[PDB]
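*Asks:* Dropping in work26.cif, with mmCIF, C-alpha atoms.
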```cif
data_protein
#
loop_
_atom_site.label_atom_id
_atom_site.label_comp_id
_atom_site.auth_asym_id
_atom_site.auth_seq_id
_atom_site.Cartn_x
_atom_site.Cartn_y
_atom_site.Cartn_z
CA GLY I 1 0.00 0.00 0.00
CA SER I 2 1.02 3.65 -0.35
CA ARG I 3 1.98 6.42 2.10
CA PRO I 4 2.06 10.16 2.03
CA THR I 5 4.79 12.27 3.53
CA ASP I 6 5.45 15.88 4.39
CA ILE I 7 8.83 15.86 2.59
CA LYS I 8 9.15 18.32 -0.26
CA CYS I 9 10.50 17.12 -3.66
CA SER I 10 10.89 17.95 -7.37
CA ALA I 11 12.02 14.51 -8.52
CA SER I 12 11.46 10.88 -7.60
CA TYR I 13 15.09 10.09 -6.67
CA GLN I 14 14.76 12.40 -3.68
CA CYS I 15 12.00 10.23 -2.24
CA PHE I 16 13.90 6.92 -1.97
CA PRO I 17 15.63 7.64 1.36
CA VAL I 18 12.58 8.99 3.29
CA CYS I 19 10.46 6.08 1.91
CA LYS I 20 13.07 3.55 3.02
CA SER I 21 13.77 5.18 6.38
CA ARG I 22 10.15 5.88 7.41
CA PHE I 23 8.31 2.88 6.03
CA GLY I 24 10.84 0.40 4.78
CA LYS I 25 9.34 1.02 1.35
CA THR I 26 11.40 0.46 -1.83
CA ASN I 27 9.66 2.87 -4.15
CA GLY I 28 9.00 6.63 -4.02
CA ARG I 29 7.48 9.28 -6.31
CA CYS I 30 7.15 13.01 -6.11
CA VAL I 31 3.48 14.13 -6.30
CA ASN I 32 2.32 17.80 -6.17
CA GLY I 33 5.66 18.66 -4.56
CA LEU I 34 5.60 16.00 -1.78
CA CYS I 35 7.02 12.48 -1.53
CA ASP I 36 4.72 9.47 -1.65
CA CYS I 37 5.92 5.94 -0.99
CA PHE I 38 4.76 2.65 -2.61
CA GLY G 1 15.47 11.62 21.47
CA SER G 2 16.70 14.07 18.82
CA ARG G 3 20.36 14.47 17.82
CA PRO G 4 21.92 17.36 15.84
CA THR G 5 24.56 17.17 13.15
CA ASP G 6 27.14 19.43 11.55
CA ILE G 7 25.87 18.45 8.05
CA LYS G 8 24.68 21.21 5.78
CA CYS G 9 21.44 20.82 3.84
CA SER G 10 19.10 22.79 1.60
CA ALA G 11 16.09 20.44 1.94
CA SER G 12 14.88 17.79 4.38
CA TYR G 13 14.96 14.81 1.95
CA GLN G 14 18.82 15.17 2.10
CA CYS G 15 18.91 14.42 5.82
CA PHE G 16 17.53 10.87 5.85
CA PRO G 17 20.76 9.08 4.80
CA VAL G 18 22.73 11.23 7.29
CA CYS G 19 20.41 10.36 10.18
CA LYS G 20 20.29 6.61 9.38
CA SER G 21 24.08 6.32 8.93
CA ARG G 22 25.01 8.40 11.94
CA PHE G 23 22.42 7.28 14.47
CA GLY G 24 20.25 4.51 13.00
CA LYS G 25 17.43 7.10 13.13
CA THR G 26 14.60 6.87 10.63
CA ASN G 27 13.56 10.51 10.63
CA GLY G 28 15.22 13.85 10.13
CA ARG G 29 14.87 17.46 9.08
CA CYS G 30 16.88 20.18 7.53
CA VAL G 31 16.66 22.71 10.39
CA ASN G 32 17.84 26.16 9.46
CA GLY G 33 20.53 24.54 7.21
CA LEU G 34 21.82 21.63 9.31
CA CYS G 35 20.40 18.10 9.55
CA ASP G 36 18.68 17.24 12.82
CA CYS G 37 17.85 13.61 13.46
CA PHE G 38 14.71 12.42 15.26
CA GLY V 1 24.88 -7.39 -13.74
CA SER V 2 23.23 -4.08 -14.66
CA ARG V 3 19.60 -3.05 -14.07
CA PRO V 4 18.70 0.35 -15.69
CA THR V 5 15.93 2.54 -14.28
CA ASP V 6 13.67 5.32 -15.45
CA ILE V 7 14.56 7.41 -12.38
CA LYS V 8 15.99 10.78 -13.41
CA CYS V 9 19.33 11.95 -11.99
CA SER V 10 22.21 14.36 -12.62
CA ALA V 11 24.74 12.92 -10.18
CA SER V 12 25.71 9.35 -9.38
CA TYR V 13 25.41 9.91 -5.61
CA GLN V 14 21.64 10.32 -6.17
CA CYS V 15 21.37 6.75 -7.50
CA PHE V 16 22.59 4.72 -4.52
CA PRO V 17 19.33 4.90 -2.57
CA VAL V 18 17.45 4.11 -5.77
CA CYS V 19 19.58 1.09 -6.59
CA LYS V 20 19.55 -0.26 -3.06
CA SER V 21 15.76 0.07 -2.64
CA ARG V 22 14.72 -1.23 -6.01
CA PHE V 23 17.24 -4.06 -6.55
CA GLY V 24 19.29 -4.60 -3.35
CA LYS V 25 22.29 -3.40 -5.38
CA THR V 26 25.09 -1.53 -3.69
CA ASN V 27 26.41 0.31 -6.67
CA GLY V 28 25.19 2.54 -9.42
CA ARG V 29 25.75 5.45 -11.69
CA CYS V 30 23.83 8.26 -13.32
CA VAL V 31 24.01 7.41 -17.06
CA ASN V 32 22.44 9.79 -19.59
CA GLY V 33 20.06 11.34 -17.11
CA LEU V 34 18.89 8.07 -15.59
CA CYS V 35 20.02 5.83 -12.74
CA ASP V 36 21.68 2.60 -13.75
CA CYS V 37 22.28 -0.02 -11.04
CA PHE V 38 24.98 -2.73 -10.77
CA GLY B 1 39.45 2.24 7.61
CA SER B 2 38.65 4.63 4.78
CA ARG B 3 37.46 4.08 1.22
CA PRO B 4 37.68 6.39 -1.76
CA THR B 5 35.04 6.73 -4.47
CA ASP B 6 34.87 8.26 -7.90
CA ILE B 7 31.50 9.85 -7.00
CA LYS B 8 31.42 13.60 -7.44
CA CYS B 9 30.21 15.85 -4.67
CA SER B 10 29.98 19.47 -3.57
CA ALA B 11 28.70 18.76 -0.01
CA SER B 12 29.21 15.98 2.46
CA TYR B 13 25.48 15.01 2.85
CA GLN B 14 25.72 13.64 -0.65
CA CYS B 15 28.30 11.03 0.38
CA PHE B 16 26.26 9.29 3.03
CA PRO B 17 24.27 7.02 0.66
CA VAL B 18 27.28 5.87 -1.30
CA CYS B 19 29.34 5.26 1.82
CA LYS B 20 26.54 3.25 3.43
CA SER B 21 25.56 1.33 0.33
CA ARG B 22 29.04 0.41 -1.03
CA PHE B 23 30.92 -0.12 2.24
CA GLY B 24 28.46 -0.07 5.13
CA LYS B 25 30.28 3.02 6.40
CA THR B 26 28.56 5.45 8.77
CA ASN B 27 30.44 8.55 7.69
CA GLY B 28 31.10 10.38 4.44
CA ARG B 29 32.94 13.55 3.50
CA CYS B 30 33.45 15.37 0.23
CA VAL B 31 37.23 15.77 -0.42
CA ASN B 32 38.78 17.32 -3.54
CA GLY B 33 35.38 16.94 -5.36
CA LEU B 34 34.87 13.23 -4.56
CA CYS B 35 33.28 11.24 -1.72
CA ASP B 36 35.46 9.58 0.89
CA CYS B 37 34.01 7.03 3.32
CA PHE B 38 34.92 6.03 6.85
#
```
The structure in this file should be written as structure tokens.
*Replies:*
Amino acid sequence: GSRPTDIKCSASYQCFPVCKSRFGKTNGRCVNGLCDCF
Amino acid sequence: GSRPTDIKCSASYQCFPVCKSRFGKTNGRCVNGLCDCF
Amino acid sequence: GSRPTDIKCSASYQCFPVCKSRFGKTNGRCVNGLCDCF
Amino acid sequence: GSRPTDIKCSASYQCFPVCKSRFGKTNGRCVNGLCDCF
């Protein structure tokens, strides 16, 4: 399942560390300026 | 609890690798230019 | 061996979280604007 | 011990993912334009 975050982004690569750290998730995408995790 | 670092940052997404490496912490923030780890 | 991604990058340091999360790979490189993992 | 990389950097936050991923190191520092790990 997916998760939102409060971490600002312009590109997907920036989302991989928060998504791993916070949720142990392996996939991240930048959506309307914030990281989501999948 | 929280731990500071000496590591300069322009955005919070940059602080997650720092915080995991340095402290095993899963959360962090770029706080007025330096990573804090929570 | 190599597993290319469609994750945008400008610098190889940006690719290591990508490559670790997506493939368990401990190396990579930004190659023509995209992360490549080995 | 220390490890060198051929990964370009302008700031030491950028070295933490490579140093963790390649070497399991907990510290990184940008030196003469390249990440070093310890």
*Asks:* Would you mind telling me which residue in I:38, I:27, I:32, I:9 lies nearest to chain G when using only C-alpha atoms?
*Replies:*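 Using only C-alpha atoms, chain G sits closest to I:9.
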*Asks:* May I ask which of the residues G:5, G:26, G:21, G:10 is the closest one to chain B, counting only C-alpha atoms?
*Replies:*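 Among G:5, G:26, G:21, G:10, it is G:21 that comes nearest to chain B.
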*Asks:* After a least-squares superposition on chain I using every in-order C-alpha pair, I'd like chain G written out as an mmCIF file with C-alpha atoms, in the frame of the given file.
*Replies:*
```
data_model
loop_
_atom_site.group_PDB
_atom_site.id
_atom_site.type_symbol
_atom_site.label_atom_id
_atom_site.label_comp_id
_atom_site.auth_asym_id
_atom_site.auth_seq_id
_atom_site.Cartn_x
_atom_site.Cartn_y
_atom_site.Cartn_z
ATOM 1 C CA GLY G 1 -0.247 0.014 0.377
ATOM 2 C CA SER G 2 0.881 3.589 -0.318
ATOM 3 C CA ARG G 3 1.770 6.112 2.402
ATOM 4 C CA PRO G 4 2.120 9.912 2.015
ATOM 5 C CA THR G 5 4.699 12.175 3.585
ATOM 6 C CA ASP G 6 5.102 15.838 4.448
ATOM 7 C CA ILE G 7 8.532 15.902 2.701
ATOM 8 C CA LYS G 8 9.025 18.365 -0.105
ATOM 9 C CA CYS G 9 10.691 17.267 -3.335
ATOM 10 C CA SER G 10 11.484 18.546 -6.816
ATOM 11 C CA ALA G 11 12.186 15.120 -8.388
ATOM 12 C CA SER G 12 11.341 11.488 -7.658
ATOM 13 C CA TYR G 13 14.940 10.244 -7.118
ATOM 14 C CA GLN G 14 14.871 12.362 -3.868
ATOM 15 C CA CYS G 15 12.047 10.300 -2.389
ATOM 16 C CA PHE G 16 13.722 6.886 -2.160
ATOM 17 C CA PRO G 17 15.730 7.540 1.046
ATOM 18 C CA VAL G 18 12.625 9.134 2.634
ATOM 19 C CA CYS G 19 10.427 6.133 1.824
ATOM 20 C CA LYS G 20 12.996 3.529 2.981
ATOM 21 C CA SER G 21 13.766 5.361 6.252
ATOM 22 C CA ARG G 22 10.183 6.175 7.119
ATOM 23 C CA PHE G 23 8.405 2.997 6.068
ATOM 24 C CA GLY G 24 10.930 0.410 4.856
ATOM 25 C CA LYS G 25 9.339 0.951 1.414
ATOM 26 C CA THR G 26 11.432 0.408 -1.690
ATOM 27 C CA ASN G 27 9.535 2.685 -4.046
ATOM 28 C CA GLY G 28 8.389 6.269 -4.087
ATOM 29 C CA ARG G 29 7.455 9.295 -6.143
ATOM 30 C CA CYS G 30 7.548 13.009 -5.944
ATOM 31 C CA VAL G 31 3.796 13.662 -6.299
ATOM 32 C CA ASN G 32 2.935 17.271 -6.928
ATOM 33 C CA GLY G 33 5.858 18.282 -4.613
ATOM 34 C CA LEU G 34 5.593 15.823 -1.710
ATOM 35 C CA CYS G 35 7.074 12.319 -1.461
ATOM 36 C CA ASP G 36 4.581 9.465 -1.642
ATOM 37 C CA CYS G 37 5.804 6.011 -0.724
ATOM 38 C CA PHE G 38 4.655 2.809 -2.440
#
```
*Asks:* List every protein, DNA or RNA residue that has an atom no more than 8 Å from (24.0, 25.6, 7.8) in the file's coordinate frame, counting only C-alpha atoms, and report them as an MDAnalysis selection string.
*Replies:* chainID G and resid 6:9 32:34
*Asks:* Edge lengths and centre in Å to one decimal, as lines of an AutoDock Vina configuration file, of the axis-aligned box that encloses all listed atoms of segment 6-20 of chain I with 5 Å added on every side?
*Replies:*
```
center_x = 10.5
center_y = 10.9
center_z = -2.1
size_x = 20.2
size_y = 24.8
size_z = 22.9
```
*Asks:* Name the residues captured by the PyMOL selection byres ((chain B) within 12 of (chain I)) when it is applied to the shown file; answer as a list in words.
*Replies:*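 Applying the PyMOL selection byres ((chain B) within 12 of (chain I)) to the structure shown produces residues 14, 16, 17, 20 and 21 of chain B.
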*Asks:* As an exercise, work out the distance from atom CA of residue 13 of chain V to atom CA of residue 36 of chain V in Å and give it to one decimal place.
*Replies:*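 Distance between the two atoms: 11.6 Å.
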*Asks:* By how many Å are atom CA of residue 1 of chain I and atom CA of residue 37 of chain I apart?
*Replies:*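 Calculated distance between atom CA of residue 1 of chain I and atom CA of residue 37 of chain I is 8.4 Å.
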*Asks:* Record the distance separating atom CA of residue 11 of chain I and atom CA of residue 29 of chain I, expressed in Å with one decimal.
*Replies:* 7.3 Å
